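The structure appears right after this line, and notes come after that.
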Amino acid sequence: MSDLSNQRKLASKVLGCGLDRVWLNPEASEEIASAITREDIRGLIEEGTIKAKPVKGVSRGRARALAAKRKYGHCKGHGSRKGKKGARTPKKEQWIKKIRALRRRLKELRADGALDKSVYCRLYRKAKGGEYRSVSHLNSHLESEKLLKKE
Amino acid sequence: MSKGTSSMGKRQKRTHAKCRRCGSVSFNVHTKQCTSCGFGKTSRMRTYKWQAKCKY
Amino acid sequence: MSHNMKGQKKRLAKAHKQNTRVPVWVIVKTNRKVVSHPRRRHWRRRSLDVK
Amino acid sequence: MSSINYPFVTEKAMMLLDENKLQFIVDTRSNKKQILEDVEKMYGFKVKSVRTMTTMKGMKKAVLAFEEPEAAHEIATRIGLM
RNA sequence: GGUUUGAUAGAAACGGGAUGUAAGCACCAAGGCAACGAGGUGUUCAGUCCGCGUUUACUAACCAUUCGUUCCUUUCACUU
RNA sequence: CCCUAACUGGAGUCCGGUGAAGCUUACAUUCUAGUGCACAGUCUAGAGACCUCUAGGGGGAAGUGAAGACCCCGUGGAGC
RNA sequence: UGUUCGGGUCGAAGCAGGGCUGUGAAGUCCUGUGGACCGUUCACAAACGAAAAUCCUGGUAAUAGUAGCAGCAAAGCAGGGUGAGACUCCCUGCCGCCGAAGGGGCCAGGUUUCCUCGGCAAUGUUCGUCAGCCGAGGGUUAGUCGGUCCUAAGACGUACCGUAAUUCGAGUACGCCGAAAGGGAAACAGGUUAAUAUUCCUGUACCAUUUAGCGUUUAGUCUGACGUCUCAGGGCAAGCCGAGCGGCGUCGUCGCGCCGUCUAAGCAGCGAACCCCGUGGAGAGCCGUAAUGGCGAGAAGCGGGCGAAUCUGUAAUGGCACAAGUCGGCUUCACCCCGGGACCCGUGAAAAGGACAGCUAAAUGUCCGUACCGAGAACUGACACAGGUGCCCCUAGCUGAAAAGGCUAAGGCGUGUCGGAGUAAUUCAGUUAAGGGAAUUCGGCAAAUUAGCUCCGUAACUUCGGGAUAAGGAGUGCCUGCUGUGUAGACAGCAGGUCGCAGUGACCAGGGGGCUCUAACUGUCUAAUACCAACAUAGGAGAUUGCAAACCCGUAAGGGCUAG
RNA sequence: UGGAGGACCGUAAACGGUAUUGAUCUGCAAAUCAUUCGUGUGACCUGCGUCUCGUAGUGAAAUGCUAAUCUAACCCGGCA
RNA sequence: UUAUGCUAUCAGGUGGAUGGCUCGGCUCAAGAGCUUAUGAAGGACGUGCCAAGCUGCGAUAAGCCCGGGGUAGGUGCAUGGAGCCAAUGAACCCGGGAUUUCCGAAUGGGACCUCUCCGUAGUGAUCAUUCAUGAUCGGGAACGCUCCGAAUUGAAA
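Protein chains in written order, with the working numbering: chain A, 11 to 161; chain B, 34 to 89; chain C, -4 to 46; chain D, -10 to 71.
Structure, rendered in structure tokens:
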């Protein structure tokens, strides 16, 4: 063979792949060298003399296993943590989720009728002031001090 | 940054363009004048006696 | 992809077609007396003073 | 002043004959309107469109797409191309 | 230094060493309904390795060239 | 650092290819002393020295780079 | 040069060597070479004699087959080709480099380096059959992509005036230019070439004027049209997970791993927030937000209007191995829409254009650019230069806070001298080092120590802000099973088991303290020997001036400060 | 809860240029490279455009910078 | 055959001195002496069968037309191929014409750019007492006239 470099570049262009993805048959060398045009390259491609090698990806199974363990709560200890507490859990995001949960709980209570407007106002301001850790804490306070208009 | 070859890499523009009147690359793109022939400054051709020596 | 006007591109084209060897028939006609040429150049050298 | 210099006969220019287009080297002073009118006067064929480019030889090339089928072949035969 | 009238170097095996008990298999394993399961024990001073030695011609130390003649010449101690 | 050792990669060393530049009046294998513009490979008297090549660090060639930026002088300049 | 007398193709001048004469400057002759001119008497002239000027121009040595062709960065090997010739050119495999740049797109700049064929005298730091080199030929297609249009700081032209005068000069008036990253009328997907492609072809669109018809103002408003920081909501390119389907890989055992499983503009439909309109009447207070907040000057609640990104259908019979081509879920930056808040100390452009009255049908839409590089070889620095040059509102998986560092995709590359026997000494850059631990040195220079995250704990002094990560202690891996917060992504925490010398195991990653001088601090600087205590700074003080001012520029006309 | 600051750490993003008085010093480079360092939401850095210049400009002021030239740039002329 | 070398000559290479030749230069003398809006000089781009530079020319493009001299060859520097032209008198020379792109006094506007916009097809600016028309602009080796106007240097400062 002379230079197959022109044929390889044209085949990479026709296949839409990289130059080294193009595989030229080392036995059909003169057949490839006879190919000059895009149509000739397409004929070689369809007859299999020229093909695009499979992309060799990056396997992710051993990351899927670790992700499953991390979902379960393992492989995530202090010796694995490397960013600051705050870079791993932003405080505004924490507050937003907490306050939204408390507000939705108060809204649902006032909708279903367990909470009249007078005590609802105070409870809403208490939640905005951070008196309650979570919806469970709020419910525990409500049941402890009998704020729900039980019937 | 060095005043030599380092600063000489910023030379990707021009201060003088080709002159319509004289063909010399001497047309100041800011003053709109040819420093060779005077186009854009005078209707005459730019010439001075100091362009040669005193003929004696 | 600097953008030239019509005259600038025309002058670049003139420079390009000037950048050619003397014809072999011209060399034969002059008896190897005109073989050289002052407008020969290379693109990667001192640039044109044309554009 | 004719804008058309002569039909341009290279491989790519000859590839136009099979799509009924014809490529010309024309005067670089002239524009698409002048080229169209001059070609229509020169060969008596209605021109559908004109495409124009400038080359690095300082020439202007115009590809003319005609309206009548076979007009490009007939003009090429009249000139002597075919 | 050795060069078949030979252990010079290498291979193979063994001796003497380095490391630390290989892979697979089985049992156990905190637990999990299970799937699994870090790891432990046996197989197993194992597995792997040796720019050291010994034994051993098994392959390679073979084939040759060159000087010890001033070179051509018969200014020859020679031979067609 | 006492006080250095071993090792790694790149140079160097050896081989193939490519291939510059800088010192140079000449000669030149020197060493000691004296002499001499009082700091000599060359003069004078001694002492040494067979030639060529390779590697190596730089004693000397008051080594090379450079009409001393210190000092003075010039009825030479500049700025303040 | 005048003049006298000559020599020369039977060989003039010149050149190399030699003989003779003359003290010598030099002359003459001989041999060879050379191929057409040269002398001589008496006189007259001069651009008339070189060994030197760190002399000038040209040529050429020693140095010397020496230095260099070594940090880039792990750089190549096997087999087969091509060729006269192969480490170096081509193919396959293996092994490697970059992989938030060395990949992709593109400004300025380059100007044909782009593609094909044929070559190897020079270039390429070696070779070369290769090439950005040499020769021949080819290649750039636009109403929709830019320029073109608009104006910005600010130029230029004409007029006036000044000036001895001008091509000189400030201002005013009228014009005109000024942005390939500001504003902006409109096009998408696929295919085609060796090189062009929102430009050519196929399919499906859209915009502007103009003409003809059909109808007409609401007119002066809005838009174009805007800073910095911060935050909510929604969407989405990319990314990730599960199932089906179709390929490829692996297959010592297992059944996993990878790739694909597609679909543009246009057209039609819905519309979150904000805002507005109608009801309503709310306080020993109610309603909200992430937060600030809102409310009888009219809250909540209830209806309506206006109104996004995107999404849904269509565009469907396009491209794909006419191989599948079907579904769900999660997340979502760094991109799009929308809204809130804070700051002033720069209060953060203008104009064109567009909308508010247009619908239908024909015609027209000229000109310029368009290849390719955009850089450790296409620019610039004399170079195929380790510098510099617009950058991207460019970048995939794991680890991780992360675009850090490491290992890998895609894509781009092995591209710029080889070989080599211990390849000595020495040297550039690294690894390690018994015991001592600054005894070295001007000086701990250099090197070493520490290092992430979590938890405990944190002094003098202080301008009350800080000092502060002060200091000083403890934990950290893997596996099994869980708890809590949250809509979720995820985050936090617990119990038990367990291995090693060592669990932020690599990568990454402060050493700390005490006593003084000095400057308050952040900042600026001798581009190329000085990053300092020097300059600046806020703060303090003083001085002039009431504006036809103080101060300053110009010869003037007239200007800066001063839209004060 | 909130998210201010010529606040802090920190990228071979960008800008700068401390120390090695390292490499280099006929260099990759008429000042660059490696490691180590300072700033890194602001008196921040930077593109493009535009303006201010020779007894003049510009300068957080060193006589720094004004095209490798600065205690008065460069070109030509006075000039042999 | 003692190498590496040294000295002299000879042969060759490199190199381009010397000699000779020279269509070039320089100086002096005598002549002659303006040109452009009827668009100059100058520049850009194009123009040749093979043509890259210079030269000429201008899309009629190393050239076209007419008259005279010249007459058998011509096709520039520049004898290469192949053609073409020429006895219908070419080439060449003298005189007179035509064509003569864009920029340029440059002059419809703008020019970053030598092109581009409107095309209403272009008297740009300043002027001349009929508003028919006309003048000026740029160039020229030196010389000429008017006005503005240094310093080095010498005086040994």
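Even for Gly, the Cβ is constructed at its ideal location relative to N, Cα and C.
Interface partners of residue i on chain C, CB under 7 Å
i	result
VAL58 (chain B)	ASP44
C-alpha distance - residue i paired with residue j, whole-angstrom precision
i	j	result
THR68 (chain B)	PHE60 (chain B)	6 Å
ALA51 (chain D)	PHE34 (chain D)	16 Å
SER90 (chain A)	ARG80 (chain A)	11 Å
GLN66 (chain B)	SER(-3) (chain C)	24 Å
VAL36 (chain D)	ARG67 (chain D)	17 Å
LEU34 (chain A)	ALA45 (chain A)	12 Å
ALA21 (chain A)	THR44 (chain D)	29 Å
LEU14 (chain A)	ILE42 (chain A)	7 Å
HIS88 (chain A)	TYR82 (chain A)	16 Å
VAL145 (chain A)	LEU119 (chain A)	12 Å
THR47 (chain A)	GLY58 (chain A)	16 Å
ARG18 (chain A)	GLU49 (chain A)	14 Å
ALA61 (chain D)	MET48 (chain D)	22 Å
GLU56 (chain A)	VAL24 (chain A)	12 Å
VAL17 (chain C)	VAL30 (chain C)	6 Å
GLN13 (chain C)	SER57 (chain B)	19 Å
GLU103 (chain A)	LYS160 (chain A)	34 Å
residue 6 (chain A)	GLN45 (chain B)	The structure shown does not extend to residue 6 (chain A), since chain A is modelled only from 11 through 161, so no value can be given for it.
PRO100 (chain A)	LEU158 (chain A)	34 Å
Where residue i meets chain D, residues with beta-carbon distance less than 7 Å
i	result
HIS11 (chain C)	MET45
Buried versus exposed, by CB contacts within 10 Å (16 or more), residue i
i	result
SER(-9) (chain D)	exposed
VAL68 (chain A)	exposed
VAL32 (chain A)	buried
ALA78 (chain A)	exposed
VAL28 (chain D)	buried
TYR(-5) (chain D)	exposed
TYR81 (chain B)	exposed
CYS70 (chain B)	buried
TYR142 (chain A)	buried
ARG34 (chain C)	exposed
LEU76 (chain A)	exposed
Could you tell me whether the stretch 2 to 21 of chain D touches the stretch 54 to 61 of chain D, where touching means 3 or more Cβ pairs closer than 8 Å?
yes
Where the stretch 41 to 68 of chain D meets chain C: residues whose CB sits under 9 Å from a CB there
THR43, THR44, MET45, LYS46, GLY47 and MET48
Between the stretch 40 to 50 of chain B and the stretch 142 to 159 of chain A, do three or more beta carbon pairs fall short of 8 Å?
no
Specify whether the stretch 36 to 45 of chain C and the stretch 11 to 27 of chain D touch according to this definition: at least 3 beta carbon pairs, one from each stretch, less than 8 Å apart.
no
Across the stretch 130 to 138 of chain A and the stretch 98 to 116 of chain A, are there enough close Cβ pairs to call them in contact, namely three or more that are closer than 8 Å?
yes
Should the stretch 60 to 73 of chain A be called in touch with the stretch 23 to 41 of chain A, which here means at least 3 C-beta pairs below 8 Å?
yes
Identify each residue in the stretch 18 to 41 of chain C for which the Cβ-Cβ distance to at least one residue of chain D is less than 9 Å, and report them in chain order.
none
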